[PDB]
Amino acid sequence: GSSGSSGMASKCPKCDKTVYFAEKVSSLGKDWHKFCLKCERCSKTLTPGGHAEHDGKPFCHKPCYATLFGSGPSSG
Ligand SMILES: [Zn+2]
Ligand SMILES: [Zn+2]
């Protein structure tokens, strides 16, 4: 099997993995994965360098983000 983890790249705030320069995507001043760059609420293709973030996980401007950040959450 492959020996060593020669990468020389920043980790991923999604899977805490060594983002490869080949699939390296700069966004919000960080390095994510072409597969990790997917909303968790709407689960729709996002764009690197034009989205919101909360707790490390990305989220569309709204209502995605909006909801997460609001009073009187879903209940009853
Ligand atoms: Zn990742
Ligand atoms: Zn979304």
# chains A, B, ... in the order shown; residues from 1 in each chain; ligands from 1

call {"tool": "residues_near_ligand", "arguments": {"ligand": "ligand 1", "cutoff": "6 Å", "atoms": "only C-alpha atoms and all ligand atoms", "output": "number ranges by chain"}}
result
A: 12, 14-15, 17, 32-33, 36

call {"tool": "residues_near_ligand", "arguments": {"ligand": "ligand 2", "cutoff": "10 Å", "atoms": "only C-alpha atoms and all ligand atoms", "output": "count of residues only"}}
result
19

call {"tool": "closest_residue", "arguments": {"among": "A:21, A:54, A:26, A:1", "to": "residue 69 (chain A)", "atoms": "only C-alpha atoms"}}
result
A:54

call {"tool": "atom_distance", "arguments": {"atom1": "CA of residue 13 (chain A)", "atom2": "CA of residue 30 (chain A)"}}
result
7.8 Å

call {"tool": "closest_residue", "arguments": {"among": "A:24, A:31, A:71, A:53", "to": "residue 11 (chain A)", "atoms": "only C-alpha atoms"}}
result
A:31
